[PDB]
2 protein chains.
Amino acid sequence: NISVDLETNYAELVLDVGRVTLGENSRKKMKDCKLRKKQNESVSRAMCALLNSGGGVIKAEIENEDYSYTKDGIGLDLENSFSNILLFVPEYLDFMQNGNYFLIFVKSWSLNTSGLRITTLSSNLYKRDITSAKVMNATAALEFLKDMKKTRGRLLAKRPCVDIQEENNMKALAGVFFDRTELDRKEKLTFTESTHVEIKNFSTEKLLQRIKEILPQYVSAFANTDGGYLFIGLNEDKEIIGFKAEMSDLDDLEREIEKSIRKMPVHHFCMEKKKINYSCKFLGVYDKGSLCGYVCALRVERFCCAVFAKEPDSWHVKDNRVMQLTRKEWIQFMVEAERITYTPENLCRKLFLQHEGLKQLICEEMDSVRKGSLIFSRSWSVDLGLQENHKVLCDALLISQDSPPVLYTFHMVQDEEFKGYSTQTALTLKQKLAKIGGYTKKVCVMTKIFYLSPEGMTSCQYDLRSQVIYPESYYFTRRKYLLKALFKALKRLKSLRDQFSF
Amino acid sequence: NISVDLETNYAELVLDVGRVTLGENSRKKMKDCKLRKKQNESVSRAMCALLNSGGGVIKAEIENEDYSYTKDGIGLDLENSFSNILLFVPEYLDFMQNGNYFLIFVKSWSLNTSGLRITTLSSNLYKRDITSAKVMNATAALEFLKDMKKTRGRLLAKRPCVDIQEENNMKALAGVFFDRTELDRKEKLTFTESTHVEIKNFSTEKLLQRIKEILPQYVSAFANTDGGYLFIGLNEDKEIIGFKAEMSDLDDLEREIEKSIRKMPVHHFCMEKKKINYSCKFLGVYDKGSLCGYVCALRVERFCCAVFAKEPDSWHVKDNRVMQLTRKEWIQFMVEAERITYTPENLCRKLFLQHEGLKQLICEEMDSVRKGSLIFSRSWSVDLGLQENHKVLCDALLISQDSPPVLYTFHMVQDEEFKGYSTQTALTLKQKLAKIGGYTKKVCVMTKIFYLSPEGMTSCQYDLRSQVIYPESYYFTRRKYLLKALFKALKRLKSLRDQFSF
Ligand SMILES: [Zn+2]
Ligand SMILES: [Zn+2]
């Protein structure tokens, strides 16, 4: 339910997430928790997509009435989600209440010391923290995947006769318990939970519902750490209780378990692809010579490669659509490493000689600039990898320290509008600077469109800066770093010919 | 209250943490929460010290009686602490209940994709997560410190006249509120908490106690992110309440705030050292023409470098003492990057010719080894940087795939014991292999001591393997990786002359 806004005046990706309730008191008092979680999920997905797609704006309609950002705030859950996604929120996020809408300006994710290339809401990779199954964070998932990639995946020793207790004792006891044909009710186990043992108690009515939900994460955790045994039908005090069911119910539960396990995504770094080796068994529980219920014992063998509970929760924007990254793409991102100067001189001279009014217009525009660089091109759209527009005479990019980059479009057609072309070119330039260029600061690109009359009259048809508003951080840019990022982006785009004079 | 155990037979650092209650039920039912937290802190400090000092063993006396590791477990809080310290607990930790003691075998911390060189319980660096002050994790602290080190530390722009609301509005409103000479009781604020605003309500009796405790972390968070304003004396609904106090109480509170702020550690990456720029003000609250109480407003300016709430909580073992890393050392670690083969041939030939029984003893010992490498030295203690023992004839290190490394000490003195020398040499060798060598797997070093009689009689005085027990993971080692780590350690120790023949 996230759509790219094509009617916006901003020269960047604007994602509309629909009506969102804002304010700490307003969000904490929302009666419908499902709606609040859905709004949080939509905002988080939009933020992740913008982080992975070169930055942009999240536009949310303010659902609650009489909302003031200064007086109310944002909301604890949204802030917690932002903190989970981003280590330093002020470095990436800006908030602005514009009329009835809330704008979250999101900077592109930049490679840092952590080594992460993309942002993930949840890697859906689980591990065993001695007794608990926890979803690997970005750093843990990165380390796990790189270690498995490097190694293409992943008897007894004589010891002194000393009476010791280890996790191997619990694993052996659980294995012996697994092979028991029948069980006795109200008997205590000789083992407890460990890296290879998990014990859960579920009601009969909720068992089928929870098998589709919690079993995948425990199976992923076991297959990722060392394998293990999951026992369902034992209470907190390790007493055998079980759940009452019929043979048909047992068959249906076994089928559901098989479907849930086979649905789990699996990525292999080895040459020999393998399935998840699991064994499901049902042990009858006998009380006073009568069958009380059944205990479900699931043995999950150690897996050679990554096992996912669900597809990794990473998003991006492609073809003006918010798409979740496929497992292969996510794995590839995780494991695979990465005065005024008028240039070029020849093109500037040709443009100034062919069109006399263009030079006067450039001088008038640049009289207000303290120091900067102006780069001319026949079509800046082509240099960014987009389609050429033959009606545009030329494009000019201005990089100055006191102002954000400005793209100057010039056209000879009086009755045609070039707002969309210039906006798309500026959006692509910003994305290339952020991702390919390597610029690590907040950057926005403004546009100015001019009509060059044959008699030399110049008029400013469109001025982007006077129609859109940004946080102040976007209005101050580092000229040297901008030039370096532009040089790197042009070099990587195979469109660097004479933009920088050496 | 953590001491290095010098009476242990293990050839590694054994840290005794005293009596520790173990078991999930036992620990969750502990009446004294202070004692439980103290035990958890001691175990965590010992684990961090062992991780930073080349690995070792944590020995804890089992306080509770009738404790079985297989039946009871470890404890939720201890497991959570271990998970916080280590991304993958099974990769580093092994647990063993030996008699009345509990042994935690800890592998040395190895450099990984995260870039961390040491482990920290808490960096004590705080940041602002929009409304909350949170302690930077290891990755966040690493990124923050490296960014500040790289840059040697760390007007208005014209915008369209659009009615918008940002965090700057809240900051300006808080600044205006800061300069007010007097306040009126039961009036609502025009701003709320943000990246630059924190609002807390404290009782009069607990105000002095909490100033020494919670003020440093908020001051650190403000000085680390963007500065801000802290307001004490306002309830949840942003109504001005204040706290009743006298002028002497105000002076004492101001002195306590000054002492607390000046006590905070500060590290500077810039040339010009600066103090924490803060301003403390007390605003009277007037109700019906009478003074009700006072509101404390603290303005913390943005700081140029790192501000610590406390010294970073990182530990190591030096001179057989568990010492907390100093701030300078912690900063330096964070920000600054890093058949049977008989060698050497000449020394082996000389030893075999001088002592005939030595060759026979070596052959008898190596007849049981499938494949490995034996390296002889005049004194392996010298090659590891320790003091030479002239009574020891020679030392031999055996590296095999089926067995852990074994150090063979040979002596001609019948009435003297060399257990301590061999144990210290093995401990130093293990530490050098783990840290300097770069070995990333669990490794233990056994020792065997032999007496070479002048007539050629050989006797095994001490055999370490038969007297100590390790988890099975320590009994299987990678021979090629062990040789590579040994080569790297010898090269970095300037003691590599002819150990490996090329
Ligand atoms: Zn595989
Ligand atoms: Zn400084």
Side-chain angles (χ1 to χ4, degrees), chain A residues 123-127 136 141-154 216 219-228 261-278 300-309 311-312 326-328 330-332 334-336, chain B residues 123-127 136 141-154 216 219-228 261-278 300-309 311-312 326-328 330-332 334-336:
Chain A
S123 63
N124 290 321
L125 289 172
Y126 289 77
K127 54 180 175 52
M136 303 179 185
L142 174 71
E143 176 183 358
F144 179 72
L145 294 178
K146 282 191 174 179
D147 193 12
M148 285 194 315
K149 172 69 174 301
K150 186 177 59 181
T151 61
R152 300 295 187 272
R154 54 188 183 88
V219 168
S220 179
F222 279 152
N224 285 326
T225 305
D226 206 4
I261 292 186
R262 296 311 173 188
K263 190 185 176 182
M264 299 172 57
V266 167
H267 184 81
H268 276 280
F269 295 90
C270 58
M271 302 301 300
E272 180 181 15
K273 314 302 179 181
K274 284 293 187 179
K275 302 178 180 179
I276 296 179
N277 196 338
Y278 79 98
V300 182
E301 304 293 333
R302 178 193 178 101
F303 203 83
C304 56
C305 298
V307 179
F308 292 85
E311 291 282 332
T326 59
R327 187 185 63 257
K328 180 180 298 180
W330 188 81
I331 291 296
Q332 289 178 1
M334 295 298 291
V335 311
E336 301 178 7
Chain B
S123 63
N124 290 321
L125 289 172
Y126 289 77
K127 54 180 175 52
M136 303 179 185
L142 174 71
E143 176 183 358
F144 179 72
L145 294 178
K146 282 191 174 179
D147 193 12
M148 285 194 315
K149 172 69 174 301
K150 186 177 59 181
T151 61
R152 300 295 187 272
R154 54 188 183 88
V219 168
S220 179
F222 279 152
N224 285 326
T225 305
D226 206 4
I261 292 186
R262 296 311 173 188
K263 190 185 176 182
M264 299 172 57
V266 167
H267 184 81
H268 276 280
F269 295 90
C270 58
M271 302 301 300
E272 180 181 15
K273 314 302 179 181
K274 284 293 187 179
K275 302 178 180 179
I276 296 179
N277 196 338
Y278 79 98
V300 182
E301 304 293 333
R302 178 193 178 101
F303 203 83
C304 56
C305 298
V307 179
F308 292 85
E311 291 282 332
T326 59
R327 187 185 63 257
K328 180 180 298 180
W330 188 81
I331 291 296
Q332 289 178 1
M334 295 298 291
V335 311
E336 301 178 7

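Numbered from 1 within each chain, the chains take letters A, B, ... in sequence-line order. Basis for what follows: all heavy atoms, side chains included, without hydrogens, waters or symmetry-related copies. Every number for a ligand or one of its atoms is a count from 1 in the order of the listing.
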Enquirer: Once you round to the nearest 0.5 Å, how far does CE of A:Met271 lie from SG of A:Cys304?
Expert: 12.5 Å
Enquirer: Working note: B:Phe308 + B:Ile331, criterion side chain to side chain contact (heavy atoms under 4.5 Å, CB included); need CA distance, chi angles, decisive distance, verdict.
Expert: CA-CA 12 Å; B:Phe308 292 85; B:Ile331 291 296; 3.8 Å; yes
Enquirer: Can you name the residues that form a ring-ring contact (aromatic ring centres under 6.0 Å, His included) with A:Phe303, not counting sequence neighbours?
Expert: A:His268
Enquirer: Taking side-chain hydrogen bond (donor to acceptor under 3.5 Å, both in side chains) as the test, write out the residues that go with A:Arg154, two or more places apart.
Expert: none
Enquirer: Pull up every protein N/O/S atom sitting under 2.8 Å from the Zn ion (ligand 2), skipping waters.
Expert: B:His268 ND1, B:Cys270 SG, B:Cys304 SG, B:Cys305 SG
Enquirer: With B:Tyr278, which residues qualify under ring-ring contact (aromatic ring centres under 6.0 Å, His included), at least two apart?
Expert: none
Enquirer: Check the pair B:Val307 / B:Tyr126 against side chain to side chain contact (heavy atoms under 4.5 Å, CB included), numbers first and verdict last.
Expert: CA-CA 8 Å; B:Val307 179; B:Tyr126 289 77; over 6 Å; no
